[PDB]
S.K.: 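Let me give you the structure first, and then I'll get to my questions.
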Amino acid sequence: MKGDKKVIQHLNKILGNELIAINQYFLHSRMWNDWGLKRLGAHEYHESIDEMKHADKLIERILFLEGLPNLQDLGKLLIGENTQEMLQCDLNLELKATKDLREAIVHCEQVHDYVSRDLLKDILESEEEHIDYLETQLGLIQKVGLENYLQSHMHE
Amino acid sequence: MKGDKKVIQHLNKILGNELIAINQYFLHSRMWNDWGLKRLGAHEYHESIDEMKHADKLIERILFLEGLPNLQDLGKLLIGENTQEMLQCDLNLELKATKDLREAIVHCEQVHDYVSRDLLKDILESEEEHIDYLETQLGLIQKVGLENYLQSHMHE
Amino acid sequence: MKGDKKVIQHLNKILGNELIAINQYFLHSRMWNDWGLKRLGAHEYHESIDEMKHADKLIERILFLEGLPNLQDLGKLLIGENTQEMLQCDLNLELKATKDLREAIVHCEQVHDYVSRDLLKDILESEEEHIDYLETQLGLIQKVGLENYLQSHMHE
Amino acid sequence: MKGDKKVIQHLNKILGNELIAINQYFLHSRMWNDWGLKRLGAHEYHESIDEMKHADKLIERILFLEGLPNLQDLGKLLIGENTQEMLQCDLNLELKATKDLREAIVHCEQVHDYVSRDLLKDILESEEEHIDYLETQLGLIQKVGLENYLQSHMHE
Amino acid sequence: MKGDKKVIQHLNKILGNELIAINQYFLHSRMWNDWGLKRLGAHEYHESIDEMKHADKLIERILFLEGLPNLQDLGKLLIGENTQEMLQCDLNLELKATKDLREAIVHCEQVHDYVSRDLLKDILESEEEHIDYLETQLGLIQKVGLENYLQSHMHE
Amino acid sequence: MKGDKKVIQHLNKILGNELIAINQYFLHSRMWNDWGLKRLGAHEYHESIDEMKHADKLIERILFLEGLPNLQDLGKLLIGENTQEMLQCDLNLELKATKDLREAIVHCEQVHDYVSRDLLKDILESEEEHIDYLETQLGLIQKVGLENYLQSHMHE
Amino acid sequence: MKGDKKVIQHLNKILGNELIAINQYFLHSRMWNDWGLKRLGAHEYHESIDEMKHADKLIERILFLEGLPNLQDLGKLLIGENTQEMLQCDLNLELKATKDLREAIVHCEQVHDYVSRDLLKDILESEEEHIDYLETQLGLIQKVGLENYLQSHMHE
Ligand code: HEM
Ligand code: HEM
Ligand code: HEM
Ligand code: HEM
Ligand SMILES: O=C1NC(=O)c2c(NCc3cc(Cl)ccc3O)cccc21
Ligand SMILES: O=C1NC(=O)c2c(NCc3cc(Cl)ccc3O)cccc21
Ligand SMILES: O=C1NC(=O)c2c(NCc3cc(Cl)ccc3O)cccc21
Ligand SMILES: O=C1NC(=O)c2c(NCc3cc(Cl)ccc3O)cccc21
Ligand SMILES: O=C1NC(=O)c2c(NCc3cc(Cl)ccc3O)cccc21
Ligand SMILES: O=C1NC(=O)c2c(NCc3cc(Cl)ccc3O)cccc21
Ligand SMILES: [K+]
Ligand SMILES: [K+]
């Protein structure tokens, strides 16, 4: 079905954010696992998988709309050097991703691509859940102290 | 069954305390969950539910005694700004509630409303168990330190 | 995540309607049960529980958006004096509630808070189902007669 | 298998009656559900499904006989404004349909299409069962009164 | 609940499209079965059932909004004479239906009938799935050849 | 029970057709199996068994009517030497068989042998199902091409 | 455990190849699904998943050896425009990947990193299986023809 050209550009921009998130969260997961913080590693692993599922739905939507999904262009990963930095890097990416999602929804609404809007809204609901998780983790570090926070994330 | 006027006024006073407690505990619960202290959140939620069940029984007793349950007048919530304050606010409310239950029981005894007395005694038993819980939590904070106390209430 | 201030105000306004509805429907339920109209009493109980669940979600969303949920201010309960009036009081509350929901959705849309909109839409679907039910009950009173109508709501 | 042209025309006339009945019963069903007369709505829904099944078999037979089934021409629906009228409208359409079934059967027999006759007889048995149901409901309204009759059709 | 007059007119237009789709897909289904192309016949049968379910929901919504569902007016069916044309006919109807859905959604949004919008968005999602299926079938005919395409749809 | 003499002659004529059909379908089945077209072979085997079952019921009916079943006179088998011809031979036998069933039913009706008519009508329904199958197969050969058609009948 | 710097550089090159293959295979899978060639789409999906698991093991090994896994640099995807080209692009990438694996194993052996060698041998065994599959598909296209080959990959 011939999609709006600018909807497809937006969907490829969201997909681009997802490709970054996939790799950043996957690498953060494996860093946490290497460090023995397996509860963080498992949780971050699942965040990566959730982004992979989002990327799947975007690719499928783009192809249905007769566009070309862009899996070639990979933007800058934000990799922290300790747990607090890694969490803040994830949060910075999520905030950029939800900004882009909102702008994409605005355009989908204006050209009446209501199904593309519904897909982007569901992804945004997932991203706002991730934002809640990250903000909460960063606050927990302040409330229980870093050493306890990390201790609580050693074991699944 | 036409009840004693003052008994009903006592019952509506206790109900008023329950309405405060329901809302104060439900908000405390959701604050703790938002902060990632989910064990505190879950326990405080169950405390809110317990007060909801108490209020149901009081509403049911008032109506049987042919009074009008007061669900309109809501007293002042005591909302803390941190965990220790929230626990102490809960404790302050409970001590007021148990005072009011004792005075009402006295009056039920005097006019021989023994069933109302039994209901109130059952509620007083639950409220003393909550007081036990709250005093114990405040003591644990002193014994294990606030950061360890919070750490131990992150996960369920 | 720092929410829009007027979104938070709208959500607190929706929460305020829910707090009225919780108490109004609970009192109506317990009145219907006291009069032996247990089918009405049960259905109205479930309506109260539904509004409790909506309020929980609103409180959670407001806290996520870094606002203060208002559980202190209780508006005016509309309590009927017979079955027909009780149903009309519920319907009047519901119609005000759905007005406020739509205005809140407009504002969410305007500031691109699409997740808050989606939550309000879901609540709105639930409230329109309650209106359907209430309008239907009031029509049934006219079609079968009040005595038949009450007879049909004695037993669960 | 090349069928008799007038058999096919007769089958299309029966199909045409079924298309009317499908929509008339379905709308009557949803009206009754909207009014809270859910037992009438459920029964009328199953009448509508029964007519859909009859229409399927007719369409299949027509195509086997190398005719063109006519799903384009929709006759006048008879929609009531109250329960008694809706039942009488169904009954009126049923009497038209069974008259038409009888005439088609005569013709099938004359040209020795005994299989088409067998199908139409089965449909006729179903329609006479619907007539019994309809006549019985209209009789019950007189015997128990309209308000009791509707009361008895509120709940499934 | 009094609905917006133009929303109801839009809902009746969508319903009118569904009534065409129901009969057009059902006839196509039974033609394919008659020809021994049973996998197309089964798939098109389920398409027709899906439209029936959409029509039910539209009818229920129109009645709740105190409108009169229009099951009397039946537009032009598009019936192919071979498998390609039948698929192209379905696709032509679907493209008309989704245009009308988008216009109906616009009007629900403008009058704040967000629940009608949600229903229509769900139907639109289903229609775009059917469009994907249709476009894919027409593409496969080109990729595998007409004879193989039909061969692959003889058996379920 | 003494039957009408001409009914019994008609039943023996139908039995004679079945006896032809049993052997022709059984041999076509085993030819197809020998050729590796096992899906045709299996289906033709079941057509043969169906005819065996019809012949049983006719034999049983003739004996009840105190006639002598003729299992001695076997008419000409129509045996093809290729798939299309075998199917066309089956179709030609069926059309001759259904002609005879129609004339037999006419006579049973005339002399009021309504049970014999019902038996023959049931047999006629089965033969019209076989005619549908055969006509459909021949049509499929034209739509998908002979080589694909046979390919699709290699495997069960 | 401090690894050989050149081993890590090899591992990172292999990882680079995996990242290309993940995205190339995932896009090809979703293109095939969009074209209705679901058996190809599903098989290609499983190939993508396989490369994802390889990448995971390489990342984990690089971190164990105190290197930095490179998930930032994405080489050129080879995307076909039709099925034959897509398979040939997969095969060309695989032949590159296995050449790089052999040179990395040579180096692991020379510096006695026998565990890294064993991991790479296991990945090489998987890639040779994928090469077997791809060469076999391209041969099938020649043996059965493109139309039959594609037809055989429509359905799972
Ligand atoms: C375009 C980029 C990618 C896409 C679209 C993608 C997609 C997917 C999908 C759809 C799944 C299945 C999830 C499920 O159903 O539970 C999955 C699983 C997985 N992915 Fe990815 N992925 C991508 C990149 C990556 C990368 C770069 C890695 C590793 C660095 C990776 C590692 C994994 C793993 C380990 C699994 C689980 C496999 C299993 O079941 O054992 N993915 N991926
Ligand atoms: C008049 C004040 C209230 C009364 C009398 C009341 C009563 C009840 C009762 C009887 C239950 C069932 C508990 C059980 O037996 O499991 C319940 C459940 C619940 N209440 Fe309330 N309640 C009140 C206010 C509230 C408020 C203000 C909230 C939220 C702010 C709330 C949230 C809930 C929730 C989430 C549940 C659990 C529902 C479920 O089963 O999932 N309630 N309430
Ligand atoms: C030519 C007109 C129609 C035909 C031939 C037809 C045929 C059918 C058939 C064969 C079934 C399956 C029944 C079963 O065995 O369970 C069915 C189901 C149904 N039909 Fe129709 N139908 C028609 C029109 C309609 C219309 C106009 C509506 C709504 C206004 C409708 C609503 C339904 C529903 C709700 C179902 C049940 C689906 C489910 O199982 O969830 N149908 N129809
Ligand atoms: C007067 C002629 C025949 C009559 C009345 C007759 C009748 C029957 C009947 C009643 C059955 C049982 C059907 C069932 O399983 O439900 C049967 C089965 C069968 N018939 Fe015949 N049959 C006749 C001729 C033939 C011929 C000529 C052949 C082979 C050339 C044949 C081969 C078979 C086979 C293989 C079975 C399946 C038996 C089994 O495996 O249980 N029949 N027949
Ligand atoms: O990331 C990427 N997404 C893509 O679609 C893509 C490429 N497409 C090739 C192509 C295919 C078809 Cl079918 C039509 C026109 C085309 O140009 C090529 C390289 C990289 C990418
Ligand atoms: O919280 C509240 N409890 C109540 O009973 C109540 C109200 N009563 C109405 C009423 C009903 C009947 Cl049946 C008899 C006498 C009455 O006055 C009104 C507003 C708020 C409340
Ligand atoms: O209904 C009510 N909802 C509320 O949030 C509330 C109150 N908040 C206290 C508070 C806590 C924090 Cl952490 C930050 C700022 C604050 O003012 C106080 C009384 C009644 C209510
Ligand atoms: O209700 C309807 N039934 C139908 O058959 C029909 C139509 N037929 C098209 C057609 C197909 C073939 Cl294969 C042969 C000859 C034809 O004319 C067209 C519009 C509406 C209808
Ligand atoms: O397709 C149709 N949909 C309809 O509602 C309809 C009809 N309505 C009759 C009616 C009923 C009531 Cl209760 C109130 C006012 C009315 O005019 C009549 C014929 C055909 C149709
Ligand atoms: O793909 C990538 N893999 C990586 O390791 C990586 C980055 N690492 C940052 C870093 C972390 C630590 Cl803990 C120590 C030293 C460092 O420089 C940065 C950007 C992109 C990538
Ligand atoms: K009665
Ligand atoms: K083929």
Side-chain angles (χ1 to χ4, degrees), chain C residues 144-146 148-154, chain D residues 8 11-12 15-31 33 41-42 44-60 62-63 66-74 77 144-154, chain E residues 14-35 37 41-42 44-56 58-63 69-72 74-75 77-86 89 93, chain F residues 139 143:
Chain C
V144 312
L146 181 65
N148 276 0
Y149 181 84
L150 301 172
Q151 180 191 27
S152 289
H153 288 79
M154 276 169 44
Chain D
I8 290 159
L11 296 176
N12 268 324
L15 172 59
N17 286 332
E18 298 287 353
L19 300 178
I20 297 169
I22 287 164
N23 291 13
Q24 178 174 321
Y25 301 159
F26 205 92
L27 180 59
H28 279 162
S29 161
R30 270 46 191 139
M31 292 167 61
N33 286 339
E44 187 81 344
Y45 170 85
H46 289 110
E47 299 297 359
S48 184
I49 299 287
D50 281 341
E51 298 307 304
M52 295 168 202
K53 292 179 188 186
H54 301 329
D56 183 18
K57 296 256 166 293
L58 288 164
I59 291 167
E60 293 174 325
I62 287 161
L63 293 163
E66 303 190 27
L68 294 179
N70 183 353
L71 289 78
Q72 183 63 91
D73 295 335
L74 182 59
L77 322 178
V144 308
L146 182 68
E147 292 194 331
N148 270 5
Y149 180 80
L150 301 177
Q151 177 187 31
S152 280
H153 284 83
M154 279 173 47
Chain E
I14 303 313
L15 172 62
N17 288 340
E18 304 280 358
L19 300 170
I20 297 174
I22 287 168
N23 287 16
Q24 174 174 322
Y25 303 164
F26 206 90
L27 180 56
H28 280 163
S29 166
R30 270 44 190 146
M31 293 166 56
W32 274 320
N33 285 343
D34 177 47
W35 301 346
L37 294 172
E44 186 86 338
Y45 170 86
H46 292 122
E47 299 291 359
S48 185
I49 298 286
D50 286 345
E51 295 295 288
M52 292 173 212
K53 296 179 181 170
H54 303 333
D56 185 13
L58 289 163
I59 291 164
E60 297 176 317
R61 183 67 179 168
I62 292 165
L63 291 163
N70 187 343
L71 286 74
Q72 182 68 79
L74 183 61
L77 314 188
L78 310 179
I79 310 304
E81 298 163 19
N82 57 42
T83 288
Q84 281 201 254
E85 293 179 4
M86 296 156 80
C89 281
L93 186 59
Chain F
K143 294 186 163 67

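Atoms within each ligand, like the ligands themselves, are counted from 1 in listed order. Computed from heavy atoms alone, side chains included, the values below leave out hydrogens, waters and symmetry copies. Letters A, B, ... are given to chains in the order of the sequence lines, protein chains preceding strands, and every chain is numbered from 1.
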S.K.: Quick one: angle C:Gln151 OE1 - the K ion (ligand 11) - D:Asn148 OD1, to the nearest 10°?
M.R.: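 Rounding to the nearest 10 degrees gives 140°.
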
S.K.: Compare E:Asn82, D:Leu68, D:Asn70 and give the one whose heavy atom is closest to atom 15 (C) of ligand 8.
M.R.: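 When every heavy atom of E:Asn82, D:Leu68, D:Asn70 is considered, D:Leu68 comes closest to atom 15 (C) of ligand 8.
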
S.K.: Report yes or no: does D:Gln72 contribute a side-chain atom to a donor-acceptor pair with the main-chain N or O of E:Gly75 at less than 3.5 Å?
M.R.: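 At least one qualifying donor-acceptor pair exists.
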
S.K.: Under 3.5 Å, is there a donor-acceptor pair between the side chain of D:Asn70 and the main chain of D:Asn12?
M.R.: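 A pair under 3.5 Å: no.
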
S.K.: Could you check which of D:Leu63, D:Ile59, D:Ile62, D:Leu71 puts a non-hydrogen atom nearest to atom 1 (O) of ligand 8?
M.R.: D:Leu71

S.K.: Using heavy-atom distances, let me know which of D:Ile49, E:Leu71, D:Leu27, D:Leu15 sits nearest atom 19 (C) of ligand 3.
M.R.: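 When every heavy atom of D:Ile49, E:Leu71, D:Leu27, D:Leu15 is considered, D:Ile49 comes closest to atom 19 (C) of ligand 3.
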
S.K.: Quick check: does any side chain N or O of E:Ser29 sit under 3.5 Å from a backbone N or O of E:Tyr25, one acting as donor and the other as acceptor?
M.R.: no

S.K.: Using a strict cut-off of 4.0 Å, indicate which atoms of ligand 8 neighbour a heavy atom of D:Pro69.
M.R.: 1 (O), 2 (C), 3 (N), 4 (C), 5 (O)

S.K.: Which ligand 8 atoms are under 4.0 Å away from a heavy-atom of E:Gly80?
M.R.: 11 (C)

S.K.: For ligand 3, which atoms, with element, lie under 4.0 Å from some heavy atom of D:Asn23?
M.R.: 27 (C)

S.K.: Please confirm whether the backbone N or O of E:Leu71 pairs with a side-chain atom of D:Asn23, one donor and one acceptor, at under 3.5 Å?
M.R.: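 Indeed, once roles are kept as given, a pair shorter than 3.5 Å links the two residues.
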
S.K.: Between the side chain of E:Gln24 and the main-chain N/O of E:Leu78, is any donor-acceptor distance below 3.5 Å?
M.R.: yes

S.K.: Taking all atoms of both residues into account, what is the closest heavy-atom pair of D:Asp56 and E:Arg30, and its distance?
M.R.: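 Looking at all heavy atoms of both residues, the shortest contact is OD1-NE, 2.8 Å.
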
S.K.: Relative to the heavy atoms of E:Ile59, which atoms of ligand 3 are at a distance of less than 4.0 Å?
M.R.: 30 (C)

S.K.: Can you list the atoms of ligand 3 that are under 4.0 Å from a heavy atom of E:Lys53?
M.R.: 39 (C), 41 (O)

S.K.: What angle, in degrees and rounded to 10°, do you get at atom 21 (Fe) of ligand 3 when you join it to SD of E:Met52 and to SD of D:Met52?
M.R.: 170°

S.K.: For E:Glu81, counting its heavy atoms only, list the atoms of ligand 8 lying under 4.0 Å from any of them.
M.R.: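 Result: 10 (C), 11 (C), 12 (C), 13 (Cl).
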
S.K.: Can you check whether E:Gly80's main-chain N or O pairs, donor with acceptor, with E:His28's side chain at less than 3.5 Å?
M.R.: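 Yes, the answer is positive, given that a donor and an acceptor are paired below the 3.5 Å cut-off.
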
S.K.: What are the two closest heavy atoms between D:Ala42 and D:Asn33, and how far apart are they?
M.R.: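 Taking D:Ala42 first and D:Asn33 second, the nearest heavy atoms are N-OD1, 4.1 Å.
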
S.K.: Which option, D:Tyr45, E:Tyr25, D:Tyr25, E:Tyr45, owns the non-hydrogen atom nearest atom 10 (C) of ligand 3?
M.R.: E:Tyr45

S.K.: Identify, by atom number and element, the atoms of ligand 3 in contact range of D:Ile22, meaning under 4.0 Å from any of its heavy atoms.
M.R.: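 Listed by number with element, the hits are 2 (C), 3 (C), 24 (C), 25 (C).
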
S.K.: Which atoms of ligand 8 sit under 4.0 Å from any heavy atom of D:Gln72?
M.R.: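 What qualifies from ligand 8 is 1 (O).
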
S.K.: Can you sort out which atoms of ligand 3 are near D:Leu19, meaning under 4.0 Å from one of its heavy atoms?
M.R.: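 What qualifies from ligand 3 is 1 (C), 2 (C).
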
S.K.: Give the contacting part of E:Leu27 toward ligand 8: side chain, backbone, both or neither, where contact means a heavy-atom distance below 4.0 Å.
M.R.: side chain

S.K.: Are any of the N/O atoms on E:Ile79, whether in the backbone or the side chain, positioned under 3.5 angstrom from an N/O atom of ligand 8?
M.R.: no

